[PDB]
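Have a look at protein21.cif below; it lists mmCIF, C-alpha atoms and all ligand atoms.
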```cif
data_start
loop_
_atom_site.label_atom_id
_atom_site.label_comp_id
_atom_site.auth_asym_id
_atom_site.auth_seq_id
_atom_site.Cartn_x
_atom_site.Cartn_y
_atom_site.Cartn_z
CA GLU U 4 0.00 0.00 0.00
CA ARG U 5 1.56 3.23 -1.27
CA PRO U 6 0.70 6.66 0.22
CA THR U 7 -0.12 9.69 -1.92
CA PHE U 8 2.84 12.03 -2.47
CA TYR U 9 2.96 15.74 -3.27
CA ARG U 10 5.71 17.90 -4.72
CA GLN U 11 7.23 21.06 -3.39
CA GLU U 12 10.36 23.11 -4.09
CA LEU U 13 12.63 23.24 -1.02
CA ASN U 14 16.17 24.63 -1.10
CA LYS U 15 16.96 24.01 -4.78
CA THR U 16 15.43 20.54 -5.26
CA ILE U 17 11.89 19.18 -5.61
CA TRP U 18 10.84 17.37 -2.43
CA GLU U 19 8.23 14.65 -2.99
CA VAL U 20 6.71 13.53 0.31
CA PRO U 21 3.65 11.61 1.56
CA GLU U 22 0.60 13.76 2.39
CA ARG U 23 0.99 13.03 6.12
CA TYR U 24 3.92 15.48 6.20
CA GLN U 25 2.78 19.08 6.14
CA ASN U 26 4.23 22.61 6.48
CA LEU U 27 7.79 21.68 5.46
CA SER U 28 10.39 24.29 6.42
CA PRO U 29 14.18 24.16 5.76
CA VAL U 30 16.16 23.84 9.01
CA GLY U 31 19.72 23.68 7.65
CA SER U 32 21.99 20.74 6.82
CA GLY U 33 22.32 17.17 8.08
CA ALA U 34 24.69 14.25 7.51
CA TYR U 35 24.88 14.05 3.69
CA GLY U 36 21.72 16.03 2.83
CA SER U 37 19.34 18.92 3.50
CA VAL U 38 16.77 18.75 6.31
CA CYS U 39 13.23 20.13 6.62
CA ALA U 40 11.12 20.45 9.74
CA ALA U 41 7.58 19.17 9.19
CA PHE U 42 4.40 18.36 11.05
CA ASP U 43 3.58 14.66 10.94
CA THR U 44 -0.23 14.55 10.87
CA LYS U 45 -0.31 10.78 11.57
CA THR U 46 1.68 10.87 14.84
CA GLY U 47 1.20 14.49 15.95
CA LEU U 48 4.95 15.06 16.08
CA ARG U 49 7.10 17.82 14.68
CA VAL U 50 9.61 15.79 12.68
CA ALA U 51 12.86 16.26 10.78
CA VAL U 52 12.84 15.06 7.18
CA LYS U 53 16.26 14.57 5.55
CA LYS U 54 16.48 14.22 1.78
CA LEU U 55 19.71 12.45 0.84
CA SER U 56 21.54 14.43 -1.88
CA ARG U 57 23.13 12.04 -4.26
CA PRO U 58 22.62 8.68 -2.52
CA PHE U 59 24.00 6.41 -5.27
CA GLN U 60 26.45 8.57 -7.29
CA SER U 61 29.44 6.44 -6.21
CA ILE U 62 30.23 3.21 -4.34
CA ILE U 63 31.21 5.21 -1.23
CA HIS U 64 27.93 7.18 -1.33
CA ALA U 65 25.77 4.10 -2.03
CA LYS U 66 27.31 2.22 0.91
CA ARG U 67 26.99 5.13 3.38
CA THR U 68 23.34 5.64 2.36
CA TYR U 69 22.85 1.94 3.21
CA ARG U 70 24.96 2.44 6.35
CA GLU U 71 22.91 5.39 7.66
CA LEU U 72 19.60 3.61 6.96
CA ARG U 73 20.73 0.37 8.70
CA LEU U 74 22.00 2.39 11.69
CA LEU U 75 18.77 4.39 12.05
CA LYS U 76 16.56 1.30 11.58
CA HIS U 77 18.39 -0.50 14.41
CA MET U 78 18.07 2.19 17.11
CA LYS U 79 14.93 2.12 19.24
CA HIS U 80 15.75 4.12 22.37
CA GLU U 81 14.46 7.35 23.98
CA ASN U 82 17.95 8.93 24.07
CA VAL U 83 19.09 7.84 20.63
CA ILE U 84 17.89 9.17 17.28
CA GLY U 85 15.78 6.57 15.43
CA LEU U 86 13.67 6.13 12.33
CA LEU U 87 10.03 7.25 12.48
CA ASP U 88 9.66 6.77 8.73
CA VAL U 89 11.67 6.23 5.56
CA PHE U 90 10.29 6.66 2.05
CA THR U 91 10.94 7.02 -1.66
CA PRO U 92 8.60 8.46 -4.33
CA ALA U 93 9.76 5.56 -6.57
CA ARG U 94 7.34 2.77 -7.51
CA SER U 95 10.12 0.35 -8.50
CA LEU U 96 13.84 -0.36 -8.03
CA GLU U 97 14.35 0.69 -11.67
CA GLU U 98 13.27 4.29 -10.96
CA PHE U 99 14.59 4.36 -7.36
CA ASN U 100 16.99 7.28 -6.82
CA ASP U 101 15.88 9.31 -3.77
CA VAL U 102 15.77 8.41 -0.08
CA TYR U 103 14.08 10.47 2.63
CA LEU U 104 14.70 9.83 6.34
CA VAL U 105 12.26 10.92 9.05
CA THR U 106 13.25 11.31 12.71
CA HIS U 107 12.02 13.12 15.83
CA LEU U 108 12.70 16.86 15.66
CA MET U 109 14.38 18.06 18.83
CA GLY U 110 14.38 21.87 18.77
CA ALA U 111 18.14 22.41 19.01
CA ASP U 112 21.60 21.03 19.79
CA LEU U 113 23.55 21.25 23.08
CA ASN U 114 25.53 24.26 21.75
CA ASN U 115 22.27 26.19 21.29
CA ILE U 116 20.93 25.60 24.81
CA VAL U 117 24.28 26.62 26.40
CA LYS U 118 24.07 29.84 24.33
CA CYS U 119 20.61 30.75 25.70
CA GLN U 120 20.59 29.21 29.19
CA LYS U 121 22.91 29.05 32.19
CA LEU U 122 22.64 25.41 33.32
CA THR U 123 22.55 24.21 36.94
CA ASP U 124 24.05 21.04 38.45
CA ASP U 125 20.64 19.36 38.00
CA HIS U 126 20.52 20.21 34.28
CA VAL U 127 24.04 18.78 33.91
CA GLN U 128 23.03 15.66 35.90
CA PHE U 129 20.00 15.13 33.66
CA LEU U 130 21.83 15.87 30.38
CA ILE U 131 24.83 13.61 31.10
CA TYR U 132 22.54 10.88 32.50
CA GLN U 133 20.64 10.80 29.18
CA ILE U 134 23.86 10.77 27.11
CA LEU U 135 25.09 7.76 29.11
CA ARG U 136 21.67 6.09 28.98
CA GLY U 137 21.71 6.37 25.18
CA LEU U 138 25.39 5.34 24.97
CA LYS U 139 24.84 2.16 27.00
CA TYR U 140 22.20 1.21 24.41
CA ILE U 141 24.46 2.12 21.47
CA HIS U 142 27.48 0.24 22.89
CA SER U 143 25.34 -2.81 23.76
CA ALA U 144 24.60 -3.04 20.02
CA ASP U 145 28.40 -3.20 19.48
CA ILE U 146 28.41 0.20 17.77
CA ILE U 147 30.93 2.94 18.47
CA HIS U 148 29.66 6.50 18.11
CA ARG U 149 33.19 7.98 17.75
CA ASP U 150 31.99 11.53 17.14
CA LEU U 151 30.23 12.48 20.33
CA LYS U 152 30.19 16.28 20.68
CA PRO U 153 27.58 18.95 21.60
CA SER U 154 26.46 19.55 17.98
CA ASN U 155 25.51 15.84 17.81
CA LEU U 156 23.31 16.01 20.89
CA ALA U 157 19.75 17.05 20.12
CA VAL U 158 17.87 18.75 22.95
CA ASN U 159 14.29 20.04 23.27
CA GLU U 160 12.60 22.60 25.57
CA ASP U 161 12.04 19.97 28.30
CA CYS U 162 15.81 19.22 28.56
CA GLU U 163 15.23 15.84 26.88
CA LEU U 164 18.15 14.59 24.79
CA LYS U 165 18.75 12.32 21.80
CA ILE U 166 22.16 11.29 20.44
CA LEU U 167 22.73 11.85 16.71
CA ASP U 168 25.36 10.87 14.16
CA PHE U 169 26.58 7.55 15.66
CA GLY U 170 28.56 5.04 13.58
CA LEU U 171 29.34 7.27 10.60
CA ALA U 172 32.62 8.98 11.58
CA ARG U 173 35.14 9.92 8.90
CA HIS U 174 35.40 13.67 9.34
CA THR U 175 37.99 14.72 6.73
CA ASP U 176 41.59 15.65 7.66
CA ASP U 177 40.97 19.34 6.89
CA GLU U 178 37.78 19.43 8.99
CA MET U 179 39.86 18.14 11.93
CA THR U 180 42.67 20.66 11.42
CA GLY U 181 43.51 23.58 13.69
CA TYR U 182 41.39 25.32 16.33
CA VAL U 183 38.23 23.30 15.66
CA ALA U 184 35.48 21.85 17.88
CA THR U 185 35.36 18.81 15.56
CA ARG U 186 38.52 17.51 17.31
CA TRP U 187 38.24 18.88 20.89
CA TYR U 188 36.06 16.01 22.16
CA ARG U 189 38.12 13.20 20.63
CA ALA U 190 40.03 10.60 22.64
CA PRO U 191 43.81 11.05 22.19
CA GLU U 192 44.18 7.45 20.91
CA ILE U 193 41.90 8.13 17.99
CA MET U 194 43.10 11.68 17.33
CA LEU U 195 46.68 10.51 16.74
CA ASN U 196 45.81 6.91 15.76
CA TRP U 197 47.74 5.19 18.57
CA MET U 198 45.88 1.86 18.44
CA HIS U 199 42.82 -0.20 17.52
CA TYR U 200 40.32 1.84 19.54
CA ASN U 201 37.25 0.67 21.49
CA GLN U 202 33.94 2.23 22.58
CA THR U 203 35.49 3.94 25.65
CA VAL U 204 36.57 6.50 23.04
CA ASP U 205 32.99 7.77 23.50
CA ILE U 206 33.41 7.91 27.28
CA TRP U 207 36.32 10.32 26.82
CA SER U 208 33.98 12.50 24.71
CA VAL U 209 31.32 12.41 27.47
CA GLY U 210 33.97 13.54 29.99
CA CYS U 211 34.90 16.49 27.75
CA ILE U 212 31.20 17.47 27.35
CA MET U 213 30.43 17.11 31.07
CA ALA U 214 33.44 19.27 32.05
CA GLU U 215 32.36 21.97 29.59
CA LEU U 216 28.79 22.04 30.97
CA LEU U 217 30.16 22.46 34.51
CA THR U 218 32.86 25.05 33.76
CA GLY U 219 31.45 26.86 30.72
CA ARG U 220 34.85 26.33 29.06
CA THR U 221 36.09 23.87 26.41
CA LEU U 222 38.19 21.29 28.27
CA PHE U 223 40.88 20.76 25.59
CA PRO U 224 40.60 23.56 23.00
CA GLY U 225 43.78 22.66 21.10
CA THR U 226 44.98 24.84 18.21
CA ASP U 227 46.07 21.59 16.52
CA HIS U 228 46.54 17.84 17.28
CA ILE U 229 49.81 18.31 19.18
CA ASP U 230 48.70 21.40 21.15
CA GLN U 231 45.59 19.41 22.15
CA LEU U 232 47.61 16.36 23.22
CA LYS U 233 49.74 18.64 25.43
CA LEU U 234 46.56 20.04 27.03
CA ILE U 235 45.31 16.49 27.57
CA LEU U 236 48.57 15.14 29.08
CA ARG U 237 48.85 18.21 31.34
CA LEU U 238 45.56 17.20 32.99
CA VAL U 239 45.63 13.38 32.94
CA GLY U 240 49.41 12.88 32.97
CA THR U 241 51.81 11.35 30.46
CA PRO U 242 51.47 7.62 29.65
CA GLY U 243 52.99 5.05 32.00
CA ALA U 244 54.81 1.88 30.93
CA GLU U 245 51.65 -0.21 30.74
CA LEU U 246 49.85 2.04 28.27
CA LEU U 247 53.04 2.66 26.25
CA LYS U 248 53.27 -1.01 25.19
CA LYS U 249 49.60 -0.92 24.12
CA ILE U 250 50.39 1.76 21.52
CA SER U 251 50.92 -0.31 18.35
CA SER U 252 52.55 2.54 16.40
CA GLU U 253 56.29 2.74 16.71
CA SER U 254 56.56 6.38 15.69
CA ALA U 255 53.81 7.31 18.18
CA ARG U 256 55.72 5.59 21.02
CA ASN U 257 58.94 7.32 19.96
CA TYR U 258 57.15 10.67 20.13
CA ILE U 259 55.58 9.95 23.56
CA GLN U 260 58.98 8.97 25.02
CA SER U 261 60.32 12.39 23.93
CA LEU U 262 57.82 14.23 26.13
CA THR U 263 58.74 15.47 29.60
CA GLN U 264 56.79 13.31 32.04
CA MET U 265 53.90 14.88 33.96
CA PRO U 266 51.70 13.59 36.76
CA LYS U 267 47.90 13.62 36.67
CA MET U 268 46.58 16.91 38.06
CA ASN U 269 44.21 17.15 41.02
CA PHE U 270 40.71 17.29 39.46
CA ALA U 271 39.30 18.89 42.61
CA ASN U 272 41.72 21.79 42.02
CA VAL U 273 40.81 22.02 38.32
CA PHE U 274 37.03 21.87 38.76
CA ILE U 275 36.74 24.05 41.88
CA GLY U 276 33.25 24.55 43.29
CA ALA U 277 31.84 21.54 41.46
CA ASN U 278 29.86 18.70 43.05
CA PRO U 279 32.53 16.31 44.44
CA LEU U 280 30.51 13.47 42.87
CA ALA U 281 30.79 15.15 39.45
CA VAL U 282 34.56 15.52 39.94
CA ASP U 283 34.85 11.83 40.92
CA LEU U 284 32.96 10.66 37.84
CA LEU U 285 34.98 13.00 35.61
CA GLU U 286 38.19 11.42 37.00
CA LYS U 287 36.87 7.99 35.94
CA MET U 288 35.92 9.12 32.42
CA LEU U 289 39.06 11.12 31.66
CA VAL U 290 41.55 8.28 32.08
CA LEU U 291 44.35 8.19 29.50
CA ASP U 292 44.40 4.38 29.18
CA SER U 293 41.14 3.49 27.41
CA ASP U 294 40.96 0.02 28.98
CA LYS U 295 40.68 1.66 32.42
CA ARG U 296 37.92 4.17 31.58
CA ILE U 297 34.48 3.73 33.13
CA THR U 298 31.83 2.14 30.87
CA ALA U 299 28.43 3.74 30.19
CA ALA U 300 26.69 1.05 32.30
CA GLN U 301 29.12 1.58 35.21
CA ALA U 302 28.70 5.37 34.97
CA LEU U 303 24.88 5.06 35.17
CA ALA U 304 25.26 3.34 38.56
CA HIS U 305 27.57 6.10 39.91
CA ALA U 306 26.31 8.13 42.92
CA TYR U 307 26.25 11.32 40.81
CA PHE U 308 23.12 9.99 39.03
CA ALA U 309 21.35 8.64 42.14
CA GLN U 310 18.23 10.76 41.56
CA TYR U 311 17.92 9.64 37.90
CA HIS U 312 19.28 6.06 37.94
CA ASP U 313 16.75 3.28 37.32
CA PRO U 314 18.31 -0.12 36.43
CA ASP U 315 14.89 -1.34 35.27
CA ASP U 316 14.61 1.54 32.77
CA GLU U 317 18.04 1.54 31.10
CA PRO U 318 17.51 -0.87 28.18
CA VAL U 319 19.98 -2.57 25.84
CA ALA U 320 19.87 -3.31 22.10
CA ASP U 321 20.12 -6.42 19.96
CA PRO U 322 23.50 -6.89 18.27
CA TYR U 323 23.97 -4.81 15.13
CA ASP U 324 25.09 -6.91 12.17
CA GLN U 325 27.98 -4.95 10.73
CA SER U 326 29.17 -7.68 8.29
CA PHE U 327 28.26 -5.49 5.29
CA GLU U 328 31.16 -3.16 6.19
CA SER U 329 33.74 -5.74 5.02
CA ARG U 330 31.67 -6.49 1.91
CA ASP U 331 32.63 -5.15 -1.53
CA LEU U 332 29.66 -4.59 -3.83
CA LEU U 333 28.73 -2.62 -6.96
CA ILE U 334 26.57 0.54 -6.81
CA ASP U 335 23.45 -1.26 -8.09
CA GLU U 336 23.96 -3.90 -5.38
CA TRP U 337 24.22 -1.34 -2.55
CA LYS U 338 21.21 0.44 -4.11
CA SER U 339 19.18 -2.80 -4.16
CA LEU U 340 19.97 -3.52 -0.48
CA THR U 341 18.91 0.06 0.38
CA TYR U 342 15.64 -0.36 -1.55
CA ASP U 343 14.88 -3.57 0.37
CA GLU U 344 15.50 -1.72 3.65
CA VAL U 345 13.16 1.12 2.59
CA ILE U 346 10.25 -1.13 1.51
CA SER U 347 10.66 -3.49 4.50
CA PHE U 348 10.46 -0.73 7.14
CA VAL U 349 7.75 -1.13 9.79
CA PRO U 350 6.83 2.03 11.70
CA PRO U 351 7.19 2.29 15.49
CA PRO U 352 3.97 2.10 17.58
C1 LIG R 1 18.97 19.38 11.30
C2 LIG R 1 19.81 18.64 12.35
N1 LIG R 1 19.11 17.41 12.84
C3 LIG R 1 19.30 16.19 12.10
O1 LIG R 1 20.01 16.17 11.09
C4 LIG R 1 18.66 15.01 12.50
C5 LIG R 1 18.84 13.80 11.81
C6 LIG R 1 19.91 13.00 12.24
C7 LIG R 1 20.20 11.77 11.64
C8 LIG R 1 21.39 10.96 12.17
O2 LIG R 1 21.87 11.23 13.27
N2 LIG R 1 21.85 9.98 11.37
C9 LIG R 1 23.01 9.11 11.70
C10 LIG R 1 22.80 7.59 11.56
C11 LIG R 1 22.89 8.22 12.95
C12 LIG R 1 19.40 11.34 10.58
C13 LIG R 1 18.33 12.12 10.14
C14 LIG R 1 18.05 13.35 10.74
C15 LIG R 1 16.87 14.16 10.21
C16 LIG R 1 17.88 15.06 13.65
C17 LIG R 1 17.75 16.28 14.32
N3 LIG R 1 17.06 16.61 15.42
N4 LIG R 1 17.21 17.81 15.70
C18 LIG R 1 18.00 18.41 14.82
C19 LIG R 1 18.36 19.77 14.87
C20 LIG R 1 17.56 20.74 14.26
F1 LIG R 1 16.45 20.37 13.61
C21 LIG R 1 17.91 22.09 14.31
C22 LIG R 1 19.07 22.49 14.97
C23 LIG R 1 19.87 21.54 15.59
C24 LIG R 1 19.52 20.19 15.54
CL1 LIG R 1 20.57 19.05 16.32
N5 LIG R 1 18.40 17.44 13.87
#
```
What does the file become when written as structure tokens?
Amino acid sequence: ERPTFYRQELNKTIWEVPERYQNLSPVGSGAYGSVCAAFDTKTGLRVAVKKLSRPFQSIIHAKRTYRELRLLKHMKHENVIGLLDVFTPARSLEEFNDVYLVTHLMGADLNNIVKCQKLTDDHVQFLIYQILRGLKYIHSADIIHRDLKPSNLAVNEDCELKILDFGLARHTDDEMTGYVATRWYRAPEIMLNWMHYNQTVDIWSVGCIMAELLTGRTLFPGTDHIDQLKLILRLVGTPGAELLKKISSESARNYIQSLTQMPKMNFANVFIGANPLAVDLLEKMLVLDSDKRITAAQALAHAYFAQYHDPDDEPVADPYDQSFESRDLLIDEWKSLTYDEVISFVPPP
């Protein structure tokens, strides 16, 4: 059963959407496409509709279209962005060229709310609790976000939060260059490619966000990769012998050994006037050795979140089958898989 579609010129392309979506209004740019706010008459929600630009122009584009759709289809959690709807105006695979993704529309990102509001300890508690609640779900699906930062955290007027942009990564070298927020939240082991990284990369990012919400200052605003590393090692100390042998890169080790050794600073002296429970948790997130960082599940049970923590209401996901990532296919083959995923989608209740 196919819905009725209507056409409309938005930005500089013709959007063709089911009738249920009304009053479409451009709200900027999303991951690989333009986004319109809309009113979903069927659910009563203000939604975000993303039209993918050129979804199948190359192999890399065709696979990432498939990748984003698979990712969104998998996530069913309050604190994680998920798929309300997905559609194409096409009546067959032969004419199938456009993909539209529909998600919840949270009013703004974390950057926006910090701009307009001065947040209390309770706001911080609630915001970080939701990030960790969502992250536990994401990690339980064996997915690494790897780009957690304020611009990827969608927040509404009620202080409710959803995580965006998980599992895509690959911000270009130039986008990560210099005095840029794109790199400030990144774990040092990923930033300088020290090793095969794990999901505690995201915990480092949470630590950087939490510190910023408490202090009102970027934690590690490096002017480049090396300046940032120096800022990081000043706070958390230089690597010890144990971590050094975990760094698989021989040049990276050689560089680390050249650095003057520094102890970890006293976090209570850095974050003066902060809840001692917040400082304790921050100490456990911002650990240089990624193996020794607190997990999202462990963090949820920390005393800092006592007023929010409910072990019966912190769900996990099914495993996410990522086998397609090692698969090499033609454009038409990625396109066919994407089509199947579009037509097989069953809406949430
Ligand atoms: C326009 C920015 N924005 C979005 O791009 C999305 C969105 C995000 C994703 C997404 O995270 N995809 C990756 C696979 C995880 C997919 C589709 C959409 C429509 C949700 C979303 N919710 N709120 C916003 C939003 C907004 F609408 C205005 C200002 C700031 C923000 Cl964060 N967005």
Please, which residues in chain U fall within 7 Å of ligand LIG 1 (chain R) when counting all atoms listed in the file, and what is the closest atom pair and distance in Å to one decimal for each, ordered by chain then residue number, as a tab-separated table?
```
residue	atom	partner	partner_atom	distance
U:30	CA	R:LIG1	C1	5.7
U:31	CA	R:LIG1	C1	5.7
U:32	CA	R:LIG1	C1	5.6
U:33	CA	R:LIG1	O1	3.9
U:34	CA	R:LIG1	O1	6.2
U:38	CA	R:LIG1	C1	5.5
U:40	CA	R:LIG1	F1	6.6
U:51	CA	R:LIG1	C15	4.6
U:52	CA	R:LIG1	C15	5.1
U:53	CA	R:LIG1	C15	4.7
U:71	CA	R:LIG1	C10	4.5
U:72	CA	R:LIG1	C10	6.9
U:74	CA	R:LIG1	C10	5.3
U:75	CA	R:LIG1	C10	5.2
U:84	CA	R:LIG1	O2	6.0
U:104	CA	R:LIG1	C13	5.7
U:105	CA	R:LIG1	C15	5.8
U:106	CA	R:LIG1	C15	5.2
U:107	CA	R:LIG1	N3	6.1
U:108	CA	R:LIG1	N3	4.4
U:109	CA	R:LIG1	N4	4.2
U:110	CA	R:LIG1	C20	5.6
U:111	CA	R:LIG1	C23	3.9
U:112	CA	R:LIG1	CL1	4.1
U:154	CA	R:LIG1	CL1	6.1
U:155	CA	R:LIG1	CL1	6.1
U:156	CA	R:LIG1	CL1	6.1
U:157	CA	R:LIG1	CL1	4.4
U:167	CA	R:LIG1	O2	3.6
U:168	CA	R:LIG1	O2	3.6
U:169	CA	R:LIG1	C11	4.6
U:170	CA	R:LIG1	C11	6.5
U:171	CA	R:LIG1	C10	6.6
```
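Computed from the coordinates, the atom CA of residue U:194 to atom CA of residue U:141 distance equals 21.4 Å.
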Atom CA of residue U:159 and atom CA of residue U:189, how far apart in Å? 24.9 Å
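Here atom CA of residue U:319 stands at a distance of 4.6 Å from atom CA of residue U:140.
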Give me the residues near stretch 9-15 of chain U as number ranges by chain, where near means some atom within 9 Å (using all atoms listed in the file) and where sequence neighbours in that chain fewer than 6 positions away do not count. U: 21-22, 27-29, 37, 39
Next, dump the selected residues to file, keeping only C-alpha atoms, as a tab-separated table (two decimals), in the frame of the given file.
```tsv
chain	number	residue	atom	x	y	z
U	21	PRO	CA	3.65	11.61	1.56
U	22	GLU	CA	0.60	13.76	2.39
U	27	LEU	CA	7.79	21.68	5.46
U	28	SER	CA	10.39	24.29	6.42
U	29	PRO	CA	14.18	24.16	5.76
U	37	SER	CA	19.34	18.92	3.50
U	39	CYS	CA	13.23	20.13	6.62
```
Considering all atoms listed in the file, state which residue in the set U:271, U:333, U:282, U:206 is at the smallest distance from residue U:303. U:206
Closest-contact table, stretch 288-323 of chain U side, partner stretch 76-79 of chain U, 10 Å, counting only C-alpha atoms, as JSON lines:
```
{"residue": "U:318", "atom": "CA", "partner": "U:79", "partner_atom": "CA", "distance": 9.8}
{"residue": "U:319", "atom": "CA", "partner": "U:79", "partner_atom": "CA", "distance": 9.5}
{"residue": "U:320", "atom": "CA", "partner": "U:78", "partner_atom": "CA", "distance": 7.6}
{"residue": "U:321", "atom": "CA", "partner": "U:77", "partner_atom": "CA", "distance": 8.3}
{"residue": "U:322", "atom": "CA", "partner": "U:77", "partner_atom": "CA", "distance": 9.0}
{"residue": "U:323", "atom": "CA", "partner": "U:77", "partner_atom": "CA", "distance": 7.1}
```
Contacts of residue U:278 within 12 Å, all atoms listed in the file, excl. fewer than 2 positions in-chain, as a list in words: residues 123, 124, 125, 127, 128, 214, 217, 218, 270, 271, 274, 275, 276, 280, 281, 282, 283, 284, 285, 306, 307 and 308 of chain U
Could the residues in this selection be saved with C-alpha atoms as a PDB file, keeping the file's coordinate frame?
```
ATOM      1  CA  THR U 123      22.550  24.210  36.940  1.00  0.00           C
ATOM      2  CA  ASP U 124      24.050  21.040  38.450  1.00  0.00           C
ATOM      3  CA  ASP U 125      20.640  19.360  38.000  1.00  0.00           C
ATOM      4  CA  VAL U 127      24.040  18.780  33.910  1.00  0.00           C
ATOM      5  CA  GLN U 128      23.030  15.660  35.900  1.00  0.00           C
ATOM      6  CA  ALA U 214      33.440  19.270  32.050  1.00  0.00           C
ATOM      7  CA  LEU U 217      30.160  22.460  34.510  1.00  0.00           C
ATOM      8  CA  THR U 218      32.860  25.050  33.760  1.00  0.00           C
ATOM      9  CA  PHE U 270      40.710  17.290  39.460  1.00  0.00           C
ATOM     10  CA  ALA U 271      39.300  18.890  42.610  1.00  0.00           C
ATOM     11  CA  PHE U 274      37.030  21.870  38.760  1.00  0.00           C
ATOM     12  CA  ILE U 275      36.740  24.050  41.880  1.00  0.00           C
ATOM     13  CA  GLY U 276      33.250  24.550  43.290  1.00  0.00           C
ATOM     14  CA  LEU U 280      30.510  13.470  42.870  1.00  0.00           C
ATOM     15  CA  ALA U 281      30.790  15.150  39.450  1.00  0.00           C
ATOM     16  CA  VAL U 282      34.560  15.520  39.940  1.00  0.00           C
ATOM     17  CA  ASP U 283      34.850  11.830  40.920  1.00  0.00           C
ATOM     18  CA  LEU U 284      32.960  10.660  37.840  1.00  0.00           C
ATOM     19  CA  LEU U 285      34.980  13.000  35.610  1.00  0.00           C
ATOM     20  CA  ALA U 306      26.310   8.130  42.920  1.00  0.00           C
ATOM     21  CA  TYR U 307      26.250  11.320  40.810  1.00  0.00           C
ATOM     22  CA  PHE U 308      23.120   9.990  39.030  1.00  0.00           C
TER      23      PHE U 308
END
```
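Proximity of U:25, U:73, U:245, U:227 to residue U:324, computed with only C-alpha atoms, is greatest for U:73.
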Exercise: residue U:291 partners within 8 Å, only C-alpha atoms, chain neighbours under 4 positions left out, as a PDB file with C-alpha atoms, in the frame of the given file:
```pdb
ATOM      1  CA  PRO U 191      43.810  11.050  22.190  1.00  0.00           C
ATOM      2  CA  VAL U 239      45.630  13.380  32.940  1.00  0.00           C
ATOM      3  CA  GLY U 240      49.410  12.880  32.970  1.00  0.00           C
ATOM      4  CA  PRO U 242      51.470   7.620  29.650  1.00  0.00           C
ATOM      5  CA  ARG U 296      37.920   4.170  31.580  1.00  0.00           C
TER       6      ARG U 296
END
```
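Proximity of U:87, U:92, U:17, U:317 to residue U:48, computed with all atoms listed in the file, is greatest for U:87.
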Report as number ranges by chain all protein, DNA and RNA residues lying within 10 Å of residue U:335, evaluated on only C-alpha atoms, omitting residues in the same chain fewer than 6 positions from it. U: 59, 61-62, 65, 96-97, 341
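Minimum atom-to-atom distance to residue U:216, evaluated using all atoms listed in the file, belongs to U:153 out of U:279, U:181, U:266, U:153.
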Identify, on the basis of only C-alpha atoms, every residue whose closest approach to residue U:158 does not exceed 9 Å; exclude the query and any residue fewer than 3 positions from it along the same chain; express the result as an NGL selection string. :U and (109-113 or 115-116 or 130 or 161-166)
